[PDB]
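Those protein sequence lines, which keep their order, are chains A and B.
Heads up: the first sequence begins at 112 in this note's numbering, then just goes up one per residue.
Heads up: the second sequence begins at 33 in this note's numbering, then just goes up one per residue.
Report on the following structure.
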Amino acid sequence: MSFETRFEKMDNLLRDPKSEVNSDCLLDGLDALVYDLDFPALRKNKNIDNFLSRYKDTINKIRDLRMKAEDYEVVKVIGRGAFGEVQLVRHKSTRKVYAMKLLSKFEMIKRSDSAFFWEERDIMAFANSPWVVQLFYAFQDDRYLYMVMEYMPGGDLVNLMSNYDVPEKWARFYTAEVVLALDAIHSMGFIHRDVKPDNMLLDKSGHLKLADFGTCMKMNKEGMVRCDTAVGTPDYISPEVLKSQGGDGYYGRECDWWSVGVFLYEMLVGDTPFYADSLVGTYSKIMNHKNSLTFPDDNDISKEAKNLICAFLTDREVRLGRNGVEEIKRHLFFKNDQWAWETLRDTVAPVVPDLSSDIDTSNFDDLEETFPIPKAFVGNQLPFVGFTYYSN
Amino acid sequence: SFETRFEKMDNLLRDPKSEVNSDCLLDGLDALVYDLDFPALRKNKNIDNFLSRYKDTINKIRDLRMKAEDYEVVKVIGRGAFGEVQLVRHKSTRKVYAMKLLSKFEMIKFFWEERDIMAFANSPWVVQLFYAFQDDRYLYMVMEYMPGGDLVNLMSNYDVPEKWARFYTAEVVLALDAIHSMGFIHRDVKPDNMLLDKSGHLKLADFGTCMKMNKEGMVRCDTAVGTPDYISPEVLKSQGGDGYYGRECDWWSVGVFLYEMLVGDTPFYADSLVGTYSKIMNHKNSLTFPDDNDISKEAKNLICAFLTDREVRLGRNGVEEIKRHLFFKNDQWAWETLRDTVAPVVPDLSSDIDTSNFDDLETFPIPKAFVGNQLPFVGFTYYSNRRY
Ligand SMILES: O=C(Nc1nc(-c2ccncc2)cs1)c1ccccc1F
Ligand SMILES: O=C(Nc1nc(-c2ccncc2)cs1)c1ccccc1F
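Here you go:
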């Protein structure tokens, strides 16, 4: 490569939104550095003290100029988790309305889990799919990570199911939209591993978008993923993701198809197929699914609906989807006279949200520990350098 | 406004004088990786995961950015406690420069001024800085090569007739005025700092002792700075109570430079180093000229005009009184057009890499905890954000 080439490859790396060394990523590195060094114990070191003094006024200017949490007026808290909360926000200046997901830095290190958010960030920021909730901005500070997404006023499928005894025609639509959405994620080289109605959001038109990609992972050369992670609510998780708690096994995308079948069973039956009072009881039923899977006597569920569920609720080796989406798509359950796969999101959804305003939260039910002072360099902000992201 | 905030923030990453431009930011991340990558520190998971996450990335950057291996070293032209200076050929561009290496370790045991002056003087009187870069061990300053060598070399191989001394003194006066105009006092003007270009014209290099003057063009410095034979009496006495001095201290050195060119020795030479300091202090009585019918009336006057106490020293009331001096009265050059004239010694060079005018020629321990040795050097890079 020529000197000019070398200069421009480097220049374009500072401008790339997908670059690990983008001006915002680099700015994080400096912001972290200042945060993790500014303590009386550490300032004893002159290299450290002079650096902080040199970058004092500068770092403050930057901190104020860059996107901060105070740029958003919080309209309502729409969701809440261990990590932190999800909230309907209005950007004070642009007066634009978004949904913002806050993740506690202390609560992530405390819990040891610090890497999921990278996948959630990447997926939402770069999917460029009608099936994925869009990330417009990602920013941070010493306490939280912030993800500014598009607001999905239709609420989640949990809310839909809780208000309706779903007819088969609706379930067919929602399952189809999910299959399409998951295929989109799979095409990006990702497996979700915990697909549930909580992750299924509805836009202003009643169409599906997947959100909350916290359990997402990039597939290896073989479209597989290993995992030494613990399970949180097994109800929708595949037997293989449970079978591999400790990294004792790789699994492919067919694990998400299992969750699809569960989603269908729940929409038509009214309960999940492996529910048990205790959490461990659910895990047992999932494991024993060959015998634990039963359908109620009311011949309400059609032949093809019962078949698709069982096609998905089997061991991976014989599970529908093992040979790609097309065998799922070809299933007779999806045989209809309302929509075509290639034009489904352009059709009229079964439940169209009637909204009062850009800030209507009717489809959402109504609903702080700090790091200690370091006695030596601990670098609490380092696992988050490069999380900042802006759109142009 | 949102768009103002975005703009202010964007203009800061582009500014060559900004503390947070691409150069500085890339320097920080590079410093962070360097100061953390040790087995003792990698015991910390926050630290180890960060390094692992940025491994391939940091290497790509390190390879893409200007590195020392991009230059083929042609010859070591100067050497110093600080480091070495070397004639280099940039392997790709095949372009020839002089590169000044400064040992980071040897410093922790001034370069910001040297960098700024050379990178932004935009003066024919100052050696040009094209690039500045670094690594874990050294700072690198890629400057234009001055093949005419230093005035020390000229003086050592010639007996300088008055007509030549007049030229070189004049070029120095102009060069120092340029530095002064930038708000700096050289504080160590010597023939070692005076380099000659391909045409035989002067350029000042090595601004190691340069200090920015205050509001009233003064400098409060509690410690002596410079070389023993050139140090002014005021910068020699420079202490707690005193400390305060102006640009007239460089004019003292100009007189020393003239005396040496014409006489052949410095005016306060003594066998011992301490003996020189004594003579400097007693400049009123120690300044003598040999029985030399060749040192003119006006040359002797200019020397004494400069080799006096600051209060009555030529230059106290600006350059124009130095310029107006009869010593500079001539029919060869005008001050305005002087660097456009033909120099008294025009270098006869064999190639772009001729080094004939140049005489022939450990780091930090491994940290047991975070010490941040690369932090005092974040921003030194002059590559991604330069003035054009
Ligand atoms: O992560 C979560 N929810 C999410 N909701 C949105 C969203 C909401 C509305 N409009 C666009 C996007 C994105 S992620 C979550 C997880 C566990 C517990 C509570 C939670 F709220
Ligand atoms: O700093 C020093 N020399 C310098 N030489 C140049 C230069 C040389 C050639 N062409 C352009 C520029 C720049 S600075 C020095 C000081 C003390 C001891 C040895 C040294 F080499």
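Backbone N, C-alpha and C define an ideal beta-carbon position, used for all residues, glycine too.
On the criterion of 16 or more Cβ atoms from any shown chain inside 10 Å, does B:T395 qualify as buried, or is it exposed? Taking the second sequence and counting its residues from 1, the one referred to as residue 395 of chain B is at position 363. Classification for B:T395: exposed.
Any contact between the stretch 287 to 297 of chain B and the stretch 195 to 212 of chain B? By contact I mean 3 or more CB pairs, one from each, below 8 Å. yes
Segments assigned alpha helix (DSSP H), at least 4 residues, entirely inside the stretch 407 to 460 of chain A: 414 to 423, 436 to 440
Anything with a beta carbon under 6 Å from a heavy atom of ligand 3 counts; list them all in chain order. Ligand 3 is not part of the structure shown, which contains ligand 1 and ligand 2 as its ligands.
Per DSSP, B:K107 is paired with what? To locate residue 107 of chain B, count along the second sequence from 1; it is residue 75. DSSP lists B:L119 as partners of B:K107.
To be precise: take each residue of the stretch 196 to 218 of chain A, compare its Cβ to all Cβ atoms of chain B, and keep it if any distance is under 7 Å. Which residues remain? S204, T205
A:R254, DSSP secondary structure in three states: Your numbering for residue 254 of chain A matches position 143 in the first sequence. In this structure, A:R254 counts as coil in the three-state DSSP scheme.
Contact with chain B by A:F498, beta-carbon distance below 7 Å: As a first step, residue 498 of chain A must be located in the first sequence, where it is residue number 387. At a cut-off of 7 Å, the C-beta of A:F498 has no neighbouring C-beta in chain B.
Buried or exposed for B:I312, please, with buried defined as at least 16 other CB atoms from any protein chain shown within 10 angstroms of its CB. Counting from 1 along the second sequence, the entry for residue 312 of chain B is found at position 280. B:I312 is buried by the Cβ-count criterion.
What span of residues does the beta strand (DSSP E) with A:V208 cover, start to end? Indexing the first sequence from 1 puts residue 208 of chain A at position 97. Where A:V208 is concerned, the enclosing beta strand (DSSP E) stretches over 208 to 215.
List the DSSP bridge partners of A:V259. Numbered from its first residue, the first sequence carries residue 259 of chain A at position 148. A:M211, A:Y248, per the DSSP bridge assignment.
Nearest-angstrom Cα distance between A:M260 and A:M328? Mapped onto the first sequence, residue 260 of chain A falls at position 149. Mapped onto the first sequence, residue 328 of chain A falls at position 217. Approximately 20 Å, taken between the alpha carbons.
In this structure, what does DSSP give as the bridge partners for A:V243? One-based indexing of the first sequence puts residue 243 of chain A at position 132. Answer is A:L321.
Which class does A:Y362 belong to by DSSP, given the choice of helix, strand or coil? Here residue 362 of chain A is taken as the residue at index 251 of the first sequence, counted from 1. Of the three classes helix, strand and coil, the one that applies to A:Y362 here is strand, per DSSP.
For B:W367 and B:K355, the rounded distance between their alpha carbons: One-based indexing of the second sequence puts residue 355 of chain B at position 323. One-based indexing of the second sequence puts residue 367 of chain B at position 335. Rounded to the nearest angstrom, the two C-alpha atoms are 8 Å apart.
Endpoints, beta strand (DSSP E) assigned at B:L268: By 1-based counting over the second sequence, the position of residue 268 of chain B is 236. Run containing B:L268: none in the beta strand (DSSP E); it sits in the alpha helix (DSSP H), 265 to 269.
Using 8 Å for Cβ pairs, my map puts B:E51 next to B:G411. What's the rounded Cβ distance? As a working mapping, residue 51 of chain B is identified with position 19 in the second sequence. As a working mapping, residue 411 of chain B is identified with position 379 in the second sequence. Indeed they touch by this definition, with Cβ atoms about 6 Å apart.
Is there a Cβ of chain B sitting closer than 7 Å to that of A:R117, yes or no? For the purposes of this step, residue 117 of chain A is taken as the residue at position 6 of the first sequence. Taking Cβ atoms only, chain B reaches closer than 7 Å to A:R117, which makes this a yes.
Please list, in chain order, the residues of the stretch 328 to 347 of chain A that have any C-beta partner in chain B closer than 8 Å. none
Assuming B:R252 is part of the beta strand (DSSP E), what are its boundary residues? Against the second sequence, residue 252 of chain B aligns to sequence position 220. Where B:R252 is concerned, the enclosing beta strand (DSSP E) stretches over 250 to 252.
Residue-chain proximity (B:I93, chain A), Cβ-Cβ < 7 Å: Your numbering for residue 93 of chain B matches position 61 in the second sequence. Interface residue, yes.
Beta-carbon contacts of A:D314 that lie in its chain and below 7 Å, excluding the five residues immediately before and after: Within the first sequence, the letter at position 203 stands for residue 314 of chain A. Within the same chain, A:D314 has close Cβ partners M263, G265, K320.
When the Cα atoms are used, what is the spatial distance from B:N417 to B:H233? Within the second sequence, the letter at position 385 stands for residue 417 of chain B. Within the second sequence, the letter at position 201 stands for residue 233 of chain B. Between B:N417 and B:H233, the C-alpha separation is close to 30 Å.
Would you verify that the beta carbon of B:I217 is, or is not, closer than 7 Å to some beta carbon of chain A? Translated into positions along the second sequence, residue 217 of chain B becomes position 185. No, B:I217 lies away from the interface with chain A (no Cβ there is under 7 Å from its Cβ).
Classification of B:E280 by the beta-carbon crowding that lies within 10 angstroms, buried from 16 upward: As a position in the second sequence, residue 280 of chain B is number 248, starting the count at 1. The residue is buried, with at least 16 neighbouring Cβ atoms inside 10 Å.
Kindly list, in the order they appear in chain A, the residues whose Cβ is closer than 7 Å to that of B:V403. Mapped onto the second sequence, residue 403 of chain B falls at position 371. Correct list: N156, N158.
If you reduce the DSSP assignment to three classes, tell me which class A:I302 lands in. Against the first sequence, residue 302 of chain A aligns to sequence position 191. Three-state DSSP puts A:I302 in a strand.
Report the three-state DSSP secondary structure of A:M311 (helix, strand or coil). What you label residue 311 of chain A is simply residue 200 of the first sequence in a count that begins at 1. Strand at A:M311.
Pull up the DSSP beta-bridge partners for A:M328, would you. Here residue 328 of chain A refers to the residue found at position 217 when the first sequence is read from its first residue. Partner(s): A:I302.
Taking Cβ to Cβ, would you say B:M98 is nearer than 7 Å to B:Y415? Numbered from 1 along the second sequence, position 66 holds the residue referred to as residue 98 of chain B. Numbered from 1 along the second sequence, position 383 holds the residue referred to as residue 415 of chain B. Going by C-beta atoms, B:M98 is nearer than 7 Å to B:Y415.
Ordered along the chain, which non-local residues of its own chain (more than five positions away) have a Cβ less than 6 Å from that of B:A302? Position 270 of the second sequence, counted from the start, is the residue given in the question as residue 302 of chain B. Only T308, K311 meet the Cβ criterion.
For A:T472 versus A:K207, is the C-beta spacing smaller than 7 Å? Looking up residue 472 of chain A in the first sequence gives position 361. Looking up residue 207 of chain A in the first sequence gives position 96. Not a contact, by the Cβ cut-off of 7 Å.
Residue span of the alpha helix (DSSP H) that contains B:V257, given as start and end: Translated into positions along the second sequence, residue 257 of chain B becomes position 225. No alpha helix (DSSP H) contains B:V257, which DSSP labels as neither H nor E.
Closer than 9 Å, Cβ to Cβ, to anything on chain A: give me those residues from the stretch 36 to 56 of chain B, in chain order. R37, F38, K40, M41, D42, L44, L45, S50, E51, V52, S54, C56
Which residues bound the alpha helix (DSSP H) around B:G307? Within the second sequence, the letter at position 275 stands for residue 307 of chain B. Element bounds for B:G307: 305 to 313.
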